[PDB]
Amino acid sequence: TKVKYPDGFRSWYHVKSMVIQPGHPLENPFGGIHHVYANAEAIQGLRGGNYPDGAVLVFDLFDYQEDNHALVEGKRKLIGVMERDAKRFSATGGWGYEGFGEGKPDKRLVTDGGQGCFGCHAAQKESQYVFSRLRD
């Protein structure tokens, strides 16, 4: 029933990045520089193949500092994790949703079985609940 902490995700494929700045509707709690990572199984799904059980996507969210017309990464705020298990996470579209505060395995954030996460991700049903697109 629990999403595994995605040990070693910093060695995984970098899918894409985005910066959410003050004034954006999602500044709270998604504000900062985020990086999306995918393990090999998730890469199969992002390429237009199917997502095998065991696919993991990670949303890696950093605070940032303004430094003379540069935005510089600061401390990690949190990670979001989607873990594919069609049977075990069938209540939330076959993905398990978990958050880890400061990316620490000891700071699990999700309290409602990931119904809140899935409420937003459900909009992407046609791409298996994944917003991110693979780019070059």
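We number the residues from 1 along the sequence you see. In this text, the rigid core denotes the largest set of C-alpha atoms whose superposition between the two forms falls within 1.5 Å.
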RMS over structures and residues, CA atoms, rigid core fit in 4 other deposited structures of this protein: 41 to 49 vs 22 to 30, larger is 22 to 30
Do the C-alpha atoms of 31 to 39 or of 107 to 115 have the higher average B factor in the entry? 107 to 115
Looking only at CA atoms, which has the higher mean B factor in the entry: 7 to 15 or 119 to 127? 119 to 127
I'd like to know which of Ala86, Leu78, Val58, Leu71 has the highest C-alpha temperature factor in the PDB entry. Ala86
Third of chain Cα B-factors occupied by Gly93: highest
Entry-reported Cα temperature factor of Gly54, expressed as the chain third it lands in: middle
